[PDB]
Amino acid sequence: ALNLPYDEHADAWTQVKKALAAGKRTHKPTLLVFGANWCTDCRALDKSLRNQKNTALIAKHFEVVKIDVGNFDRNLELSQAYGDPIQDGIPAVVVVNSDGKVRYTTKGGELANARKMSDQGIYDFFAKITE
């Protein structure tokens, strides 16, 4: 499969460190998106976030890192470090403020049915965080 949303080879800790450094520099929060390529809800969320309206919202407001969790068997300690966002389902997100401290985590499977969400529902979810 071509152009997978998650990079199964990435050094996720390095990527998160680099995104958090960028957020501190730009005074923006960082969005950590935990998911995997097998998960149809994760693929749907990525496709929606790729659209023009949603890309503009995310790019303006966040630094972003996608963290592959495999079959719930990769990068688990990085999930644990940031408040266990995946225990409640994937895709899951963490918003970290520009100072490196977590602001918000999805702890109720808020995005776990993203394949059923509309583009506007996805927009509204991320827009609320930017309010």
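Quick note: we count residues from 1 along the sequence shown, nothing fancier.
Of the two stretches examined, 92 to 100 and 39 to 47, the record assigns the greater average C-alpha temperature factor to 92 to 100. Note on 23 to 31 vs 76 to 84: mean CA B-factor is higher in 23 to 31. Per the PDB record, residue ranking by Cα B-factor puts residue 59 in the highest third of the chain. Residue 10: CA B factor in the highest third of modelled residues in this chain (values from the PDB entry).
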